[PDB]
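What is reported rests on the model, the rules as stated and the sources as named; none is laboratory data. Cβ placement follows ideal geometry from the backbone for every residue including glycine, while neighbour counts extend to all protein chains displayed.
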RNA sequence: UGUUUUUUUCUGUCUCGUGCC
């Protein structure tokens, strides 16, 4: 029954806080910077390294202010939290591609209304 | 059915997998590809010269495509068309070169088709920085440039767009030419405009808009890849230097840890020396590796001047700055990284080649069949007394007395040993009783440490002093290293021959077999079995597929040179299953022939047994004519095939000066007299034989005359080495 | 998908750890206990960012061990069905494709892949191309996919991808 | 130029009578 396509999740996960690829990337980078210092400490594990090299290959923007602006210009809408991560991470070109990938956008908003948002997201990319 | 009842042999089909045969026009292309890709970095096949080597490779490829020839079948049967004994890796190298040429041709054809389709799509779209379908022809023509061709094709796909519905700085071609020639023939955009004006005509308000496009164009340009290719791969003084943690973790075990400050290692040390490449790969795996040419700091400076404007007064200065920025962006995108990747790939290839060469050398050294038969040739063979003891410390040591016909006659144990702290007679009495129990022909003792060597020496001394070798003579117990017999004792053959026996008996049997017929043991093992023996530590770093292929080729060549006994693999299990590494007789074909022989009960009547009984096809018989041998026609158990039977008979008659009347069996003076020993060699002239072969036969017999004479004079010639007695260092 | 939620956990502290570094020891124990693990309720956890507070240690009767029900603010990665992400191809095989969704590895079969992407066993690098050879997909490429299934192999998530929906490849 | 050993908590039934603080 758990299918994110139809916007359904358990009660505990419904009250979660979404994270973007750049956000998690910078969080892990800061954690690594803090951990590497303060000698006599247990070093990072393979999980941290794989997550780092996985999120580093999808960092659409390095500036934190870019993350702040792209979340601010998005939260003003009426979309759910789930629509804040996938759409901000994939960064599709045209509205048709976004509507095809995410079935929730089908009929939820107009065409130009989503195309302008996609163009803004593309421009915000570094 | 297709492997055993196929028109072409199994080896020929397996060799030309990507390229199903060679056409008349494609033979020249395959030969050219093989010659070009025969020895680029190291010197290999420089023997055969350049043009002569290319011609020989082309002839071998043509023979393989037409007559379904194979590696040994073309190296021996086509000694004239290929290098006449230039090197061992003649047929296999030719097959590999032909396969590479065919693959390159197929890739070039696919690239040309893709380029034509893209050009047609572009013409249809824009015909109703442009997009022209002119690079497709270049990509299709670039057959030799594999990596460069792929890079150029990928760059073109990323530049034109790759979409399939159903003025900024110097041009890319001009920049590539100026970089390749070393002189900047074309400068940047010599216009009054600067990045301020160019960053407003996209919608970014940043001066780095055109830099990204310039970098993408430079990276995705075949000319840039060609110019950078070979510049650092040809020479790269890789400086080996351990890091902070690699210095202690390596402990001077790898290439990047043995020399604390031993840097400046050129490509010769990594490519030619496979050990250095293996060490660098191992060190670069976990801890770290020191692989840096350190030669760019000066190769990247010269490119900076090219593609940039020379004047500086706004327009000229702005153009020069923009060109420099674009060049830097392109270098950072695919300039240093591409060169480093190419150098790493070249180093890995060199290490793999070195590992394969070491494995092939080890296989050639250890595969030569050099048994120790009676008199170093009563009864056929000698009775090898395989003595494979466990400890020699009051424990039962296996001691089997196998016969010389690939079978074990008997065995026994010797629990008594010098057990007892002070007992110098029990071991002697046990050895005397064991020697008197049977009548072996030779002693094959093993060794593990000083105690084992002392026990072997004591046993040999007791046998020689009391004449325990045969009961009526002293027999020298030949030392045998416990290397092959230990592995063969616990193999499938050892288990099948004896199931309810201790490991000592199996080890003794394996040792006895290894010192009687190494070829039989090598052919009767899985090749799994060959992979158990390590050829060198550097082979582990390189791909094991190349080593396995080299070992299989060496085994096939050895089998072809020594031949196969048809009767030996009919009833004797020890000398059975030896039709897997024959020239043209693959494993499936050999298994089918063995099954047919076991069912119908057909014996090796002559060379045409598989052509008359309907067991093997014409191509299979022709390709495997020089490898199948029988016990009894006269020229069946030799390299003389049916085609050269008449020529061999005529040559023997002329040398013996006997009558000529349909000699196949009936005249024996020319056959039996010449087979017993050399009757007359001056009677048979090389020029006359060659002229006769050319006039009648459709082939020159200048190179095959010697082989035919040897086959007529000596049948079933063995290509294995002699019996190698253990030495001091070798014994240890 | 990565998320930031508030979790709770308790760890017994042996009395030998009492002293001026009690809180530091509790934090150190917490760090090396709830990092990298996985559970079927909240999913796979990456690491811990910060800790909210330290509960009151209730010493057990007749035992020196004391438990601290700490509530930490850590992140979690719990992919669901139907989500679309961008991963990288790790290996190409005739049986199927292998990718790496961060701390998880999925797998797509040839049946899911359309018939246009054929095999290239002749070429040394395993790759899939079309008849015209225009589009090329190989390893170390940012290729998207769709999570059509989930699985947890005893705290080891291993989902399954798919390649039927359009616009799934090179961006 | 040598020196012989390694296995271990078992476990018993239901009923009646007598004596003692």
Next item on the list: Can you confirm whether segment A:104-111 contains a residue that is assigned to a helix (DSSP H, G or I), facing chain C (nearest Cβ under 9 Å) and exposed (fewer than 12 other Cβ atoms within 10 Å of the Cβ)?
Entry: no
Next item on the list: Starting from segment B:409-427, take each residue that is within 14 Å of another protein chain (Cβ to nearest Cβ) and list its partners that are more than 8 Å from RNA strand D (Cβ to nearest atom), counting only C-beta distances under 9 angstrom and pairs at least six apart or across chains.
Entry: none
Note to self: Checking residue B:455 against (1) farther than 30 Å from residue B:88 by Cβ; (2) more than 14 Å from RNA strand D (Cβ to nearest atom); (3) in contact with a strand residue (DSSP E or B) (Cβ under 9 Å, 6 or more places away or on another chain): exactly one of these is not met. Which one?
What the structure shows: (2)
Next item on the list: Name the one entry in A:66, A:123 that is loosely packed, with under 14 Cβ neighbours inside 10 Å, more than 10 Å from chain C (Cβ to nearest Cβ) and assigned to a helix (DSSP H, G or I).
Entry: A:123
Check: Of the residues B:244, B:248, B:237, which single one is out of contact with any helix residue (DSSP H, G or I) (no Cβ under 7 Å at 6 or more places or on another chain) and under 30 Å from residue B:181 (Cβ atoms)?
Finding: B:237
Next item on the list: Scan segment B:407-426 for residues that are surrounded by 21 or more Cβ atoms within 10 Å (Cβ to Cβ) and either in a loop (DSSP other than H, G, I, E, B) or within 13 Å of RNA strand D (Cβ to nearest atom) (or both) and jot them down.
Entry: B:414, B:417
Note to self: One residue is enough: does segment C:103-118 have a residue meeting the conditions touching a helix residue (DSSP H, G or I) at 6+ places or on another chain (Cβ under 8 Å) and within 14 Å of chain B (Cβ to nearest Cβ)?
What the structure shows: no
Margin query: Kindly evaluate residue A:43 against the criterion of being farther than 24 Å from residue C:150 by Cα and either in a loop (DSSP other than H, G, I, E, B) or facing chain C (nearest Cβ under 7 Å) (or both).
Written below: yes
Check: Among C:57, C:36, C:19, C:40, which is the only one that is at positive phi and either assigned by CATH to the domain that holds residue C:158 or in contact with a strand residue (DSSP E or B) (Cβ under 8 Å, 6 or more places away or on another chain) (or both)?
Finding: C:36
Check: Are any residues in segment C:139-171 within 11 Å of chain B (Cβ to nearest Cβ) and over 21 Å from residue A:90 (Cβ atoms), and if so, which ones?
Finding: none
Next item on the list: Name every residue in segment C:64-75 that is outside any strand (DSSP E or B) and in contact with a strand residue (DSSP E or B) (Cβ under 9 Å, 6 or more places away or on another chain), in order of residue number.
Entry: C:65
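Yes/no matrix, rows are residues, columns are (1) surrounded by 19 or more Cβ atoms within 10 Å (Cβ to Cβ); (2) within 16 Å of RNA strand D (Cβ to nearest atom); (3) under 21 Å from residue B:538 (Cα atoms):
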{"site": "B:339", "(1), (2), (3)": "yes, no, no"}
{"site": "B:345", "(1), (2), (3)": "no, no, yes"}
{"site": "B:354", "(1), (2), (3)": "yes, no, yes"}
{"site": "B:359", "(1), (2), (3)": "yes, no, yes"}
{"site": "B:370", "(1), (2), (3)": "no, no, no"}
{"site": "B:376", "(1), (2), (3)": "no, no, no"}
{"site": "B:401", "(1), (2), (3)": "yes, no, no"}
Check: Looking only at residues in segment B:134-166 that are in a helix (DSSP H, G or I) and within 10 Å of chain C (Cβ to nearest Cβ), which one is surrounded by the fewest Cβ atoms within 10 Å (Cβ to Cβ)?
Finding: B:158
Next item on the list: Working only within segment C:62-92, note down all residues that are away from every other protein chain (no Cβ under 14 Å) and within 17 Å of residue C:30 (Cα to Cα).
Entry: C:65, C:66, C:67, C:68, C:69, C:70, C:71
Margin query: I'd like to know if segment B:559-579 contains one or more residues that are part of a helix (DSSP H, G or I) and surrounded by 23 or more Cβ atoms within 10 Å (Cβ to Cβ).
Written below: yes
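Every residue, every condition in (1) touching a helix residue (DSSP H, G or I) at 6+ places or on another chain (Cβ under 7 Å); (2) within 30 Å of residue A:100 (Cα to Cα); (3) within 10 Å of another protein chain (Cβ to nearest Cβ), yes or no:
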site: C:6; (1), (2), (3): no, no, yes
site: C:18; (1), (2), (3): no, no, no
site: C:23; (1), (2), (3): no, no, no
site: C:43; (1), (2), (3): no, yes, yes
site: C:49; (1), (2), (3): yes, no, yes
site: C:60; (1), (2), (3): no, no, no
Checklist line | Total residues in segment B:427-452, condition within 15 Å of RNA strand D (Cβ to nearest atom) and in a loop (DSSP other than H, G, I, E, B) | finding: 3
Note to self: Between A:52, A:74, which is more than 8 Å from chain C (Cβ to nearest Cβ), assigned to a helix (DSSP H, G or I) and over 23 Å from residue C:6 (Cα atoms)?
What the structure shows: A:74
Notebook entry, point to check: residue B:392: within 11 Å of RNA strand D (Cβ to nearest atom) and crowded, with 22+ Cβ neighbours inside 10 Å, yes or no?
Noted result: yes
